[PDB]
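See below for the structure under consideration.
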Amino acid sequence: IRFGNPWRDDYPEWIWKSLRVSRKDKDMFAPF
Amino acid sequence: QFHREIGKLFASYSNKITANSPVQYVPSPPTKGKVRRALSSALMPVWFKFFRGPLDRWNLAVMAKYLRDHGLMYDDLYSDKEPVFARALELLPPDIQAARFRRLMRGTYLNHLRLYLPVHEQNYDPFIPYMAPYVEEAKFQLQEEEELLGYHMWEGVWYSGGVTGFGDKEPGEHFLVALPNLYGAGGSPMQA
Amino acid sequence: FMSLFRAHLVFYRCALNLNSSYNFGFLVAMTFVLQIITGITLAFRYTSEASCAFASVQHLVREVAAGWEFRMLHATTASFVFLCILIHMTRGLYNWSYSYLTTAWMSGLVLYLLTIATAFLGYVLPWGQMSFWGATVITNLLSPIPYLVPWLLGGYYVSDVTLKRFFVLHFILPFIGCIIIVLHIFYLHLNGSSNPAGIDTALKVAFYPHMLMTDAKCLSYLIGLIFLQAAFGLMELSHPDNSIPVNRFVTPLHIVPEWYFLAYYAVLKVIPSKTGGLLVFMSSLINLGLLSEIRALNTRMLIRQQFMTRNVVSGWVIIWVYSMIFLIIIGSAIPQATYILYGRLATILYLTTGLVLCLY
Amino acid sequence: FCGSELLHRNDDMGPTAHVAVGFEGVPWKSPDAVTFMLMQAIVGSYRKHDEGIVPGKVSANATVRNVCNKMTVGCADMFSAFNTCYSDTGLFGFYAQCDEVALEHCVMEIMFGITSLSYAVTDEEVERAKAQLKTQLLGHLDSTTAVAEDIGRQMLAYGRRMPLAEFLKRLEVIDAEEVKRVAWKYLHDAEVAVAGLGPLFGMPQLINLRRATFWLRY
Amino acid sequence: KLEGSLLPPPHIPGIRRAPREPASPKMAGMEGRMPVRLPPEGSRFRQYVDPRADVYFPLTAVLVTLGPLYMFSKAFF
Amino acid sequence: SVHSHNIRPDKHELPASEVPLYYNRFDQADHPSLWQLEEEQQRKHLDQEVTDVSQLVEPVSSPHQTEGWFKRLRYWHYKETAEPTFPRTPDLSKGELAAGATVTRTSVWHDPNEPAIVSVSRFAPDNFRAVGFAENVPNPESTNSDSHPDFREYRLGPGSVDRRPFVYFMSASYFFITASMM
Amino acid sequence: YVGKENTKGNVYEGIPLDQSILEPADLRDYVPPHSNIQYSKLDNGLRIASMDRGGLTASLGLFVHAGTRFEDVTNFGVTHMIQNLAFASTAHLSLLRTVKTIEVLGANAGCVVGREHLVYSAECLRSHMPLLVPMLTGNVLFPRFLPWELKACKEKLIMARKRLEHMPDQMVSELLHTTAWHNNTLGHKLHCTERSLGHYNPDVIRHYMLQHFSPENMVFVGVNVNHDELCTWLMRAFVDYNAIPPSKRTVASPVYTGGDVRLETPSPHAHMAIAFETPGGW
Amino acid sequence: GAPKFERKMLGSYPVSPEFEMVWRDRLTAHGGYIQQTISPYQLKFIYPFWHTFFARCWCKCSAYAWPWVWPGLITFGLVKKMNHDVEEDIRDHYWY
Ligand SMILES: CCCCCCCCCCCCCCCCCC(=O)OC[C@H](COP(=O)([O-])OCC(O)COP(=O)([O-])OC[C@@H](COC(=O)CCCCCCCCCCCCCCCCC)OC(=O)CCCCCCCCCCCCCCCCC)OC(=O)CCCCCCCCCCCCCCCCC
Ligand SMILES: CCCCCCCCCCCCCCCCCC(=O)OC[C@H](COP(=O)([O-])OCC(O)COP(=O)([O-])OC[C@@H](COC(=O)CCCCCCCCCCCCCCCCC)OC(=O)CCCCCCCCCCCCCCCCC)OC(=O)CCCCCCCCCCCCCCCCC
Ligand SMILES: CCCCCCCCCCCCCCCCCC(=O)OC[C@H](COP(=O)([O-])OCC(O)COP(=O)([O-])OC[C@@H](COC(=O)CCCCCCCCCCCCCCCCC)OC(=O)CCCCCCCCCCCCCCCCC)OC(=O)CCCCCCCCCCCCCCCCC
Ligand SMILES: CCCCCCCCCCCCCCCCCC(=O)OC[C@H](COP(=O)([O-])OCC(O)COP(=O)([O-])OC[C@@H](COC(=O)CCCCCCCCCCCCCCCCC)OC(=O)CCCCCCCCCCCCCCCCC)OC(=O)CCCCCCCCCCCCCCCCC
Ligand SMILES: CCCCCCCCCCCCCCCCCC(=O)OC[C@H](COP(=O)([O-])OCC[N+](C)(C)C)OC(=O)CCCCCCCCCCCCCCCCC
Ligand code: HEM
Ligand code: HEM
Ligand SMILES: COc1cc2[nH]c(C)c(-c3ccc(Oc4ccc(OC(F)(F)F)cc4)cc3)c(=O)c2cc1Cl
Ligand SMILES: O=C1C(O)=C([C@H]2CC[C@H](c3ccc(Cl)cc3)CC2)C(=O)c2ccccc21
């Protein structure tokens, strides 16, 4: 158990990956 | 003559204290009486194994992880609203000072975002004592001023110069000396 | 006075990481201003006579345009005054704000005392059963000194004279409040606010654009919630028993103060000696006052980080909060041996965890 | 002895104002003469230009210290106290030089000084003053001229010459309560005389200087 | 080689080095946890330290500091 | 400021020459300039890769320091209890610290082979640095971690619309609701 | 003064000053002291000279052979810095404690720079001599030169000349010197110029002192003190410590240039001076 | 507020009243720094919040578990046990 544990806490790998995603030079509401 | 008699009392007591003075370092008497030392020594094997041990280990784990998340050192927790530490910071050299400034900036930003650092950024010991040589000097310097100037309750002129008169040396730091002007543009103490 | 306005509320520079927990002061001030508006417009139609006060309050609701709205806004905003104050206090217990904001903390305590007094005086003016018997109880509680109680009452028992002077006092005290608020803010901005991180930092940012908008956002939420509760009545904040006319020779069969007074009530239920009762309040308030100079009670140099995150030990402030909530729970219930037993347990916790804050 | 002021206002001689304030003293032969010689030293002197090795802001003399810390810049160019004894009367007081806008503090600080002698002086200060007074007086009497002048002066003033041991023995036994007695006898709630020259727009009233001689505290 | 977060110092002429601790053998119960050091080898503390107790401590704290008060209260209040 | 210090003698807290709460091992240089060299000769823990929390280096200082009833925090460094007239002599053989009082009121700086004026010069507070200093003390290059997003992934670039209409419409909407309520 | 032991107060209260209070016990039959100079030397090299005239106040002075004529292009201004740092922190005393103690003993003390000498001196009652010998010798035995004292003491280097602008006579003196020996030895200025505030770091001060402040370049002189006590308390000062070791320094002959110089300012007189050299000097 | 050695200015122009608080809290930039900002009219401002939601929420919830919830659970326990004791009392004392 890493959650809430000062001996082990760290993000899950999928949370570390969610921060790598990119939407640079895209915009989906431009028509409005 | 009341005052001279009480003088005599004070003087004799002070002379007793003076006569017992050592001329060299002598180890301090223990902080606890022999009864409590005995009781602690008796209960050590249970108390340290079950309770004190884990408490003192959990504490350091908590502290270390919180400091590493943000990239602070331990001596980054002290303020400069504390006179001794203010002096210590005045005595610092350029490099240490600059690094402290940078770490405080980064810690502020990270606590704003509430994002952990990567674990490879957390590989350092946060509990190095980098302020000690300067805190000891500050303590010396601020102790001598008490000894040589602060030994009496000095008497002053009241509510003059922007200071209350009971000891302050910075203007308008107390309510009864607020609002120094009614017209004009004011001013600042640092530009006098 | 415009130049001061700009210096303190536009160009004043804060720390970047001030989150919502630092917005509740502004909020209590706003509930003050709002409560003052509704106060004054309620005074225009209230009657200060024991023979007819009750019906005077009923006339507003029944026969006056928008009569109901001002009474209910005034009644409900009080709860938010106290809720915001308690959040505001607990934040600074959590952070150890009083380490360097010494006089601000003292001023705070004085303002809280003012608010208690103001609320309790207000609570008597509608003149129902609960009002009369509450006044009786609290006036008997401060009896230790001869003749002080008939003097403050005006009379041998709670009377129309008592109503008249309570009304005038309730009129006056809030404005003294306002003056002390100015004093409060003087001490505050003399020093400068603390961070949630409890470090000193140069990453400051000005107030007007960034923090002003957060203040405004929370203000929207609070206005929302006040109107929700005021118009629809979701929670039974006030007991029904103040709806009954007064009788000087018969008590109500069940008794529950306003929630912000229940913990105190709990104490009066469980401590045997009446003087012990009163001394508990005096002692706890003195202990809170004592925190203003905590730097002197020890020779180790102090830090503001209490390292309560991820900590299995928790912290004395959290135990204090839970003890206080438990006391509210027990306050609410009937007098019975088991409730009293757990009452005494909770009371010991509440007293001890306050004493212990000084022992770093 | 008349309590009056005599002020020469003049704004065409630069920024500096000169002032002297005086009290009634005691004759040569008075028993308290020595105590007066000591009080003059307890108030002492100061110069902003030339200072020795002790900064004024940390000096043991409280009057100098209070003057040098005023408005953080300090409010006087020079001040010095004085005592003069005549055959049947004396003068006791001080002389000062200060800036046009500093004059008020420049004067009231030193009046506060002198009024302290009757309420709050302590033996640290008395012994410092004894040390400095002894250094001064015993330091002059080196050459033949100083000795001959002293012989003649004492011969006219006392009908004799007082030997060193007598002066030292009479000086030794004065403590704080004795100073606090004599001052209360002659200086508390007394008349004062004033003279000044220069940019005296700042100058205090005569009645201010006269009501200064007592404290309402205590 | 060395205990704790130290690394062997370079030999630089003009700098005087303090003595540094050699490494010590670790005990059972510290597998897979953020490491926190043990007492020195010649102390009295190292006779009674037991890392395996850090797992039950969240219960030990409550038992010790709140159970006796509960017992006393139920006995007398 | 309005804040005092609290330098006073104390019987619960022995002075720092007697019982320091920090880890009392310091290296000493003949001249602080030499500290430059070590910064370009040592290894550093932050130059090397780790992946799990269990691999982080372990603190040098002991967890077991502060004791007493109802003391949550178990670790501290600095205190202002006052020094005596004759302080405890530092033992430089064990790399203990010598600073302020312990330089002035002690023989610690004395050397048989060297002039006194030369000998005292090595005991300014810049001449001492803890053990582990060059290896553990961070010195950031930026406030931003390369593992977090900055403006580069949110900036509206070439080809984008103008948003002034939207911004001012947002705020006008807020205001007209506000005015109706008022 | 925590209370006072004697309660008798002013025992001569109310006695006029033309009425004696001496008892016959306090009379003496006068014996003069002997007032020819006494000469001694410590083992490390220090020379001591003393006289007594039976005065109550003593004069004490330490003389060092370190003037400004010994500086060079890398040193200019160092002697002024040292003088401006007199009675600052040393091995066993702080600056504050030193000056406050000198004040409370009642003494007057100071330091003076010339073109060939540096002098420290003090003065008060003769019974305080044992407490003054340390504070005078400290300055040459083991000063610390903490940076934050150098930095705070800097403005006094400039005021020294800023005051010369209203002392025309002294000004002309300095002009004469710098014109007579242009750019060498006695020609050097007695103050720190702007160019002199660069090398205001402890290492230059310390390296300069190591070349001049050895004992055999010093003299200690006392007037109105008993010589065996002076010798004893001076010996007890150098016994524990290593003094600055000797150096076989050499000194160059001044070169006299002469020349001419003018300096105009609103003074209402024409001040003029003409001079010629004395070959060989003292 | 700030220590006197930090609030000492380099300039000498008079501080205007409306800037009082600004220069009472002056601090030195030891070592200097470089900063960049983009006008909020040229940034996305609701996508950056949701893009970093899970990390922020993990951090916040992790930080509060032990200190706030565990004592909460214990208190909730105590309330349940008190209810038990009362519901047994009320029968012992008054039911035959
Ligand atoms: C608006 C105000 C009006 C304007 C004018 C100003 C008015 C003030 C006048 C009263 C003061 C008289 C006393 C003069 C003392 C002079 C001492 C001295 O040389 O000065 C240096 C000295 C400080 O130098 P320091 O020693 O270097 O500083 C170190 C610290 O002091 C730390 O030192 P330490 O830690 O080493 O400890 C030292 C401590 C050691 O001692 C203790 O700590 C003892 C503790 C024992 C507990 C018991 C309580 C002690 C306090 C007594 C209070 C009683 C007074 C009230 C009586 C009421 C009568 C009706 O020493 C003392 O306590 C000795 C002084 C105590 C005197 C306090 C009372 C004086 C009042 C006398 C007149 C009373 C009439 C009032 C009428 C009713 C209206 C108020 O000055 C003081 O210590 C100040 C003491 C006096 C208090 C400040 C005055 C108040 C100013 C603010 C006004 C607030 C008014 C609020 C009303 C607002 C209305 C809207
Ligand atoms: C979300 C929070 C809201 C707070 C509200 C407070 C109450 C306000 C009352 C007065 C009114 C004021 C109005 C303004 C409120 C503030 C607004 C605001 O800006 O909030 C910001 C708030 C948090 O902002 P932040 O920047 O994170 O704040 C900093 C943090 O505090 C972090 O600060 P830090 O990290 O620097 O920490 C400093 C420290 C400083 O210390 C403090 O401040 C401590 C203060 C504690 C309180 C002490 C006083 C207590 C006095 C006694 C009161 C008794 C009241 C009794 C009431 C009884 C009611 C029954 O604070 C803490 O430590 C706080 C952490 C506490 C953790 C506690 C964890 C508890 C877990 C509970 C789990 C429960 C599970 C149940 C499972 C059940 C299963 C059956 O964010 C939001 O609220 C976001 C907006 C969410 C909007 C959602 C709307 C949804 C609507 C849905 C409608 C659906 C319609 C469906 C229709 C369907 C049709 C078909
Ligand atoms: C409707 C409400 C209306 C309220 C109005 C109140 C008006 C009072 C004004 C206060 C006095 C002015 C303060 C300015 C001070 C300036 C700061 C300064 O540097 O002063 C240095 C100065 C110290 O002198 P120093 O530095 O040693 O050297 C002085 C110079 O050498 C030589 O001195 P100087 O030539 O430089 O002149 C100094 C002059 C500075 O002033 C001026 O230059 C301008 C003139 C001052 C204003 C004069 C008009 C005030 C009218 C007085 C009557 C008000 C009665 C109000 C009753 C309301 C009825 C509904 O100060 C004075 O002489 C003031 C003396 C009068 C104040 C003392 C009154 C307390 C008597 C308490 C007796 C016990 C009664 C208990 C029963 C309850 C009674 C309610 O400080 C003072 O002595 C000033 C007074 C300090 C306050 C003492 C404590 C007051 C509390 C009294 C007890 C409260 C009773 C409440 C209980 C209720 C029971 C039910
Ligand atoms: C007419 C009828 C008469 C009946 C008479 C009956 C009388 C009964 C009296 C019972 C007295 C019990 C206490 C004996 C103490 C002995 C002390 C001793 O020998 O010292 C030697 C010796 C003293 O030397 P020393 O130099 O002081 O060394 C010790 C260190 O200073 C220590 O510091 P350290 O650093 O080494 O250790 C860490 C430190 C620091 O640790 C921490 O800070 C950790 C804190 C973690 C807290 C985590 C909490 C998280 C959960 C929160 C949950 C939410 C709660 C709130 C909300 C709930 C809703 C309301 O730990 C502590 O501070 C431990 C505190 C323990 C408190 C225990 C309190 C027991 C109270 C019992 C009731 C008494 C009466 C109540 C009042 C009555 C009305 C006035 O100490 C030791 O060797 C250590 C001994 C420690 C013993 C602790 C455990 C005692 C267990 C007693 C069991 C009693 C059962 C009674 C049953 C009754 C049935 C009828
Ligand atoms: C002087 C007394 C005034 C009382 C106000 C009551 C008036 C009647 C009811 C409201 C009417 C509508 C509002 C007026 C129109 C808008 C003003 C305007 O022209 O916009 C200027 C500007 C509009 O800016 P903008 O950027 O939207 O657009 C202007 C730019 N152009 C023209 C290019 C589009 O408003 C501001 O910038 C105001 C800044 C503050 C915004 C947040 C305020 C929220 C509230 C904060 C806390 C409140 C508590 C403090 C009060 C004390 C009492 C409790
Ligand atoms: C912080 C400010 C205030 C607080 C906390 C407060 C609190 C209260 C409370 C709790 C009540 C009880 C109402 C009820 O039980 O229905 C009340 C009633 C009342 N308040 Fe205040 N009040 C404040 C300010 C004011 C002011 C400034 C005035 C007038 C100037 C005022 C006038 C009244 C009146 C007339 C009532 C009677 C309401 C009724 O009879 O229905 N209040 N107040
Ligand atoms: C009417 C009642 C009160 C008002 C109007 C008020 C107002 C404010 C305001 C506006 C602030 C600055 C912004 C903020 O913190 O939200 C503040 C800060 C503060 N207040 Fe209050 N407050 C009140 C009651 C209290 C109480 C009862 C206390 C303490 C018991 C208190 C102690 C503090 C402290 C310590 C701070 C600063 C904390 C820090 O900077 O870390 N205040 N107050
Ligand atoms: C989120 O972080 C913060 C929020 C903050 N919010 C506010 C509202 C202020 C503030 C309050 C009052 C003030 O000046 C006033 C005093 C008294 C008055 O009187 C009265 F009664 F309020 F109307 C009015 C006006 C000046 C500034 C802060 O300083 C403040 C500081 C921080 Cl860190
Ligand atoms: O029995 C009580 C009672 O005990 C109180 C109490 C509640 C706490 C109050 C209180 C206590 C302390 C403070 Cl600082 C402020 C208010 C005083 C009145 C009531 O409010 C009450 C109202 C109506 C009928 C009966 C009663």
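The way I read the labels, and the way they are meant: chains A, B, ... in the order of the structure tokens, residue 1 as the first residue of every chain, and ligand 1 as the first ligand shown, with later ones counted on from there.
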
*Mind listing the helix (DSSP H, G or I) residues of region 11-186 of chain C, per DSSP on the backbone, as a ChimeraX atom specification?*
/C:20-22,24-43,53-63,67-95,97-99,102-124,129-141,148-153,160-186

*asked:* Residues near residue 89 (chain H), anyone? I mean within 12 Å using only C-alpha atoms, not counting same-chain ones fewer than 6 positions away, as a list in words.
replied: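 Final neighbour list, sorted by chain and number: residues 336, 337, 338 and 339 of chain C; 82, 83 and 95 of chain H.
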
_Hey, which residues sit close to ligand 9? Say within 8 Å, counting only C-alpha atoms and all ligand atoms, and write them as a PyMOL selection string._
chain C and resi 113+116-117+120+129-138+141+252+255-258+261-265+268-269+281

Output N, CA, C and O atoms for every residue in the selection just made, as a tab-separated table (two decimals), in the first residue's frame.
```tsv
chain	number	residue	atom	x	y	z
C	113	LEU	N	-15.20	36.97	21.80
C	113	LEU	CA	-15.99	37.27	22.99
C	113	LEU	C	-17.10	38.26	22.68
C	113	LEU	O	-18.26	38.08	23.10
C	116	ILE	N	-19.92	36.38	20.85
C	116	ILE	CA	-20.74	35.59	21.76
C	116	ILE	C	-21.74	36.49	22.48
C	116	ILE	O	-22.94	36.19	22.54
C	117	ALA	N	-21.26	37.59	23.04
C	117	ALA	CA	-22.14	38.49	23.79
C	117	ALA	C	-23.26	39.02	22.90
C	117	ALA	O	-24.44	39.01	23.27
C	120	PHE	N	-25.89	36.32	22.10
C	120	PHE	CA	-26.76	35.94	23.20
C	120	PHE	C	-27.76	37.04	23.52
C	120	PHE	O	-28.92	36.76	23.84
C	129	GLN	N	-40.37	31.36	25.25
C	129	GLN	CA	-40.01	30.56	26.41
C	129	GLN	C	-38.50	30.39	26.53
C	129	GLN	O	-37.90	30.65	27.58
C	130	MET	N	-37.88	29.91	25.45
C	130	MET	CA	-36.44	29.66	25.48
C	130	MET	C	-35.68	30.94	25.80
C	130	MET	O	-34.69	30.90	26.54
C	131	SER	N	-36.13	32.08	25.28
C	131	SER	CA	-35.45	33.34	25.56
C	131	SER	C	-35.48	33.66	27.05
C	131	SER	O	-34.44	33.94	27.66
C	132	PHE	N	-36.67	33.63	27.64
C	132	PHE	CA	-36.82	33.98	29.05
C	132	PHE	C	-35.99	33.05	29.93
C	132	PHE	O	-35.24	33.50	30.80
C	133	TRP	N	-36.11	31.74	29.72
C	133	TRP	CA	-35.43	30.81	30.62
C	133	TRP	C	-33.92	30.78	30.36
C	133	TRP	O	-33.14	30.60	31.31
C	134	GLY	N	-33.48	30.97	29.12
C	134	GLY	CA	-32.06	31.17	28.87
C	134	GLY	C	-31.49	32.37	29.60
C	134	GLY	O	-30.41	32.30	30.20
C	135	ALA	N	-32.19	33.50	29.53
C	135	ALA	CA	-31.73	34.68	30.26
C	135	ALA	C	-31.66	34.39	31.75
C	135	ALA	O	-30.68	34.75	32.42
C	136	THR	N	-32.70	33.74	32.29
C	136	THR	CA	-32.69	33.37	33.70
C	136	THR	C	-31.44	32.57	34.05
C	136	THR	O	-30.73	32.87	35.01
C	137	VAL	N	-31.14	31.54	33.24
C	137	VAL	CA	-30.01	30.66	33.55
C	137	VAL	C	-28.70	31.43	33.51
C	137	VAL	O	-27.90	31.37	34.45
C	138	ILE	N	-28.45	32.17	32.43
C	138	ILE	CA	-27.15	32.80	32.32
C	138	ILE	C	-26.98	33.89	33.37
C	138	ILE	O	-25.87	34.13	33.85
C	141	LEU	N	-25.99	32.32	36.47
C	141	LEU	CA	-24.66	31.73	36.42
C	141	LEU	C	-23.59	32.71	36.89
C	141	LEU	O	-22.57	32.28	37.43
C	252	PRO	N	-40.01	24.85	29.81
C	252	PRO	CA	-40.25	23.91	28.71
C	252	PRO	C	-39.69	22.53	29.03
C	252	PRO	O	-38.64	22.40	29.67
C	255	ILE	N	-35.03	21.02	26.33
C	255	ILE	CA	-34.22	22.23	26.23
C	255	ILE	C	-33.00	21.95	25.35
C	255	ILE	O	-32.27	20.98	25.59
C	256	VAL	N	-32.80	22.79	24.35
C	256	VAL	CA	-31.68	22.70	23.42
C	256	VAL	C	-31.29	24.11	22.98
C	256	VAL	O	-32.02	24.73	22.20
C	257	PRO	N	-30.17	24.66	23.46
C	257	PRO	CA	-29.71	25.95	22.93
C	257	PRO	C	-29.41	25.91	21.43
C	257	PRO	O	-29.42	24.86	20.78
C	258	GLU	N	-29.14	27.09	20.89
C	258	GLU	CA	-28.60	27.21	19.55
C	258	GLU	C	-27.28	26.45	19.45
C	258	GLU	O	-26.51	26.38	20.40
C	261	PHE	N	-23.91	27.15	20.95
C	261	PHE	CA	-23.80	27.19	22.40
C	261	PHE	C	-23.88	25.81	23.04
C	261	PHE	O	-23.88	25.72	24.27
C	262	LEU	N	-23.95	24.73	22.26
C	262	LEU	CA	-24.24	23.43	22.86
C	262	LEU	C	-23.06	22.90	23.67
C	262	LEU	O	-23.25	22.39	24.78
C	263	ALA	N	-21.84	23.03	23.15
C	263	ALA	CA	-20.68	22.52	23.89
C	263	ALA	C	-20.63	23.11	25.29
C	263	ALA	O	-20.52	22.37	26.28
C	264	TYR	N	-20.73	24.43	25.40
C	264	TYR	CA	-20.80	25.06	26.72
C	264	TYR	C	-21.88	24.40	27.56
C	264	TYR	O	-21.63	23.97	28.70
C	265	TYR	N	-23.08	24.28	27.01
C	265	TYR	CA	-24.18	23.64	27.73
C	265	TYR	C	-23.76	22.26	28.24
C	265	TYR	O	-23.99	21.93	29.41
C	268	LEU	N	-21.97	22.46	31.51
C	268	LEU	CA	-22.85	22.76	32.63
C	268	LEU	C	-23.67	21.54	33.04
C	268	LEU	O	-24.22	21.53	34.14
C	269	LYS	N	-23.75	20.52	32.18
C	269	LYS	CA	-24.50	19.32	32.53
C	269	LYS	C	-23.69	18.33	33.35
C	269	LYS	O	-24.26	17.59	34.15
C	281	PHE	N	-14.72	27.35	31.71
C	281	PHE	CA	-14.72	28.35	30.65
C	281	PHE	C	-13.58	29.35	30.85
C	281	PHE	O	-12.81	29.63	29.92
```

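Residues of chain F lying within 6 Å of chain C, counting only C-alpha atoms, are residues 71, 78, 79, 80 and 81 of chain F.
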
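Inspection of the environment of ligand 2, which uses only C-alpha atoms and all ligand atoms and a cut-off of 6 Å, identifies the neighbouring residues as residues 19, 20, 21, 80, 83, 84, 86, 87, 90, 91, 94, 196, 218, 221 and 222 of chain C; 64 and 68 of chain H.
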
_Test item: residues no farther than 6 Å from ligand 4, counting only C-alpha atoms and all ligand atoms, as a count of residues only_ = 29

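Nearest residue to chain H among F:139, F:85, F:121, F:42 is F:139, counting only C-alpha atoms.
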
*So which residues are near ligand 5, meaning at most 7 Å away with only C-alpha atoms and all ligand atoms counted, given back as a VMD selection string?*
(chain C and resid 30 33 212 to 213 215 to 216) or (chain F and resid 168 171 to 172 175 to 176 178 to 179 182)

*Which residues of chain B are close to chain E, meaning at most 9 Å apart when you count only C-alpha atoms, and how do they look as a list in words?*
residues 44, 45, 46, 48, 49, 50, 51, 53, 54, 55, 57, 58, 60, 61, 65, 124 and 125 of chain B

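Every residue having at least one atom no farther than 10 Å from ligand 1 is included below, with only C-alpha atoms and all ligand atoms taken into account: residues 146, 149, 150, 151, 152, 153, 154, 155, 156, 157, 158, 159, 164, 165, 166, 167, 168, 174, 175 and 176 of chain B; 120, 217 and 218 of chain D; 4 of chain F.
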
*Output as a PyMOL selection string the set of chain A residues within 10 Å of chain E, with distances taken over only C-alpha atoms.*
chain A and resi 6-9

List every residue of chain C that has an atom at most 8 Å from any atom of ligand 7, giving for each one its closest atom pair and the distance in Å to one decimal, counting only C-alpha atoms and all ligand atoms, sorted by chain and then by ascending residue number, as a tab-separated table.
```
residue	atom	partner	partner_atom_place_in_ligand_line	distance
C:21	CA	ligand 7	16 (O)	7.5
C:22	CA	ligand 7	16 (O)	4.4
C:23	CA	ligand 7	16 (O)	4.2
C:24	CA	ligand 7	16 (O)	4.5
C:25	CA	ligand 7	16 (O)	3.3
C:26	CA	ligand 7	10 (C)	4.4
C:27	CA	ligand 7	16 (O)	7.4
C:28	CA	ligand 7	5 (C)	5.1
C:29	CA	ligand 7	5 (C)	4.1
C:30	CA	ligand 7	5 (C)	7.9
C:32	CA	ligand 7	1 (C)	7.1
C:85	CA	ligand 7	27 (C)	6.0
C:86	CA	ligand 7	27 (C)	7.6
C:88	CA	ligand 7	25 (C)	6.5
C:89	CA	ligand 7	30 (C)	4.9
C:91	CA	ligand 7	38 (C)	7.8
C:92	CA	ligand 7	35 (C)	5.4
C:95	CA	ligand 7	41 (O)	6.8
C:96	CA	ligand 7	41 (O)	7.6
C:97	CA	ligand 7	41 (O)	4.5
C:98	CA	ligand 7	35 (C)	5.6
C:101	CA	ligand 7	35 (C)	5.8
C:102	CA	ligand 7	35 (C)	7.8
C:104	CA	ligand 7	32 (C)	5.8
C:105	CA	ligand 7	32 (C)	4.7
C:106	CA	ligand 7	29 (C)	7.0
C:107	CA	ligand 7	31 (C)	7.0
C:108	CA	ligand 7	26 (C)	3.4
C:109	CA	ligand 7	30 (C)	4.6
C:110	CA	ligand 7	27 (C)	7.3
C:111	CA	ligand 7	2 (C)	5.5
C:112	CA	ligand 7	27 (C)	4.8
C:115	CA	ligand 7	1 (C)	7.3
C:177	CA	ligand 7	1 (C)	7.0
C:178	CA	ligand 7	1 (C)	7.9
C:181	CA	ligand 7	5 (C)	5.8
C:184	CA	ligand 7	43 (N)	7.2
C:185	CA	ligand 7	9 (C)	6.7
C:188	CA	ligand 7	37 (C)	6.4
C:192	CA	ligand 7	40 (O)	6.3
C:193	CA	ligand 7	40 (O)	3.3
C:194	CA	ligand 7	41 (O)	3.9
C:195	CA	ligand 7	41 (O)	6.5
C:196	CA	ligand 7	41 (O)	7.9
```
